[PDB]
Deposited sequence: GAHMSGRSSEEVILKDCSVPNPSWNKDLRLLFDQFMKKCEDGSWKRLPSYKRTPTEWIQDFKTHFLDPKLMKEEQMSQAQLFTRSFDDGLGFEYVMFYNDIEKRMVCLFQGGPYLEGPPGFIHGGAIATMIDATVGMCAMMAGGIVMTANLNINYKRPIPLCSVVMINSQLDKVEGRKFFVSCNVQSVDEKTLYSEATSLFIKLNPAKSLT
């Protein structure tokens, strides 16, 4: 029984810093860290050995209906030379907005994902994916997110998504 959403040696200084900061936010119970555990099937985002692929941890604020994913993209996520593949970014966006929708609505299927890639993300960077449930209409759950640098000054990507309650 391994929880992948706690530090391991591959974690960069920036990821560790934000992790500590969000763990502090959990102290009053407004935020909560989500564990991420790991016939051949494996969750895509946890299918790389430590450091090589997706390194991440999600924190959830139920009152705000907000899911923040701290994400460090490893060398096997390359697309354009030196940058994280558009698909890998989309994968972490999907994972974050999808978990946000699931916390609010239970089991849901992804219906639409619409991503604006504003600036390319350097390989081995740490980014913060801030997602939020924007509205619920019957069985429709609308979630948006941003992907930003640790200092919040660089906006890498923005996305909207729609999930449907099964």
| query | finding |
| --- | --- |
| Gaps in the model (deposited sequence, numbered from 1) | 1-13, 52-76, 205-211 |
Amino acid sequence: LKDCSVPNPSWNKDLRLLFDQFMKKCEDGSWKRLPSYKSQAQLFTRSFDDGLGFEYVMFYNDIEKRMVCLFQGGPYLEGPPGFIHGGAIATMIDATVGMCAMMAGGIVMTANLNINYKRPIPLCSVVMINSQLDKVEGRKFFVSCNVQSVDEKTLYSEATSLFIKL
From here on, numbers count along this sequence of modelled residues.
property	result
Greater mean Cα temperature factor according to the PDB record, 86-94 or 72-80	72-80
Of 153-161 and 138-146, the stretch whose C-alpha atoms average the higher B-factor in the entry	138-146
Candidate residues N116, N112, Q132, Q40, the one whose C-alpha B factor the record puts highest	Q40
Position of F59 among the chain's modelled residues by C-alpha B-factor, lowest, middle or highest third	lowest
Relative C-alpha B-factor of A101, binned into the chain's lowest, middle or highest third	middle
Chain-wide C-alpha B factor ranking for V108, given as lowest, middle or highest third	highest
CA B-factor ranking of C26, expressed as a third of its chain	middle
B-factor third for the C-alpha atom of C124 within its chain	highest
